[PDB]
Structure formats: structure tokens, C-alpha cells
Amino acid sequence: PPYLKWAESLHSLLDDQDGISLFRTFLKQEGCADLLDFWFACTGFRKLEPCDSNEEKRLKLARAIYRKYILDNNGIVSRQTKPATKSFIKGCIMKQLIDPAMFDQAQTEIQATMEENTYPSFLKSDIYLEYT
């Protein structure tokens, strides 16, 4: 049963659209869906190839992710990412040197944040319990 696999690893949960939907609903109610959106945004950004034809799209995307989740140090993603990590990202943005893996560290920190609090809480939530 898919729902059982989701309790074995966060990666299993996020590899299932029903799992993602349920988990995002839970996060939304807890006021932190940005954690998951950001996680997927980094993955989506990274899979874009660094060729000339994608240059403009990639820069606009990198800026968008930065502006919404990294810029203001008050959002939940920004609050859960390290100063040095955000500094490096800002530098990539300003220099316009945006390697596909530039958000990797931030993504790892946010992934840990979910594994540490919201993921476990989700598995013990009414939403999950009801679904199962």
C-alpha cells in the first residue's frame, strides 16, 4: 500500500502524487507549504540544462526562487536556511553565475527541516490517519 511506503521515507512520500497532495494539504494548514514548494522548485531548476538557449529562463527562474524563498529573511524557508548558505545563493544571483546545483545546499537544509518536524507530524496527523 502506497500510504505505508510514505511512512518509510520522505523520498517515498514525495515520489507519489497522492502523498505529495496530502502532505502539502497538511503543510498548508500548518502555514508552511513553502517548505515543499521550495524543495520541488530546486529540483525543477536543477534539471534545466545550462545551455545558451536556456540561459534567460534559468536566470529568471533562479531570481524568482531567490526572491520568494531566500530574499526576505522572514519567510519560513529563509528562516530555516543557514546564513552562509543564503549568502552563497545571493552571490550566484548577483554575479549571474547560476550553476544547476546552486540551490542544492539550501534544498538539503529544507529537506532536513521537513524530516525533523513536519514530516513526522504529518505521519501522526488526522489527515494522514484518516486517509489510511
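When you see a residue number, it is the position in the sequence shown, counting from 1.
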| query | finding |
| --- | --- |
| 33 to 41 versus 48 to 56 - which carries the larger mean C-alpha B factor in the record | 48 to 56 |
| Given 19 to 27 and 109 to 117, the range whose Cα B-factors average higher in the PDB entry | 109 to 117 |
| Third of chain Cα B-factors occupied by residue 89 | lowest |
| Third assignment of residue 71 from its chain's C-alpha B-factors | highest |
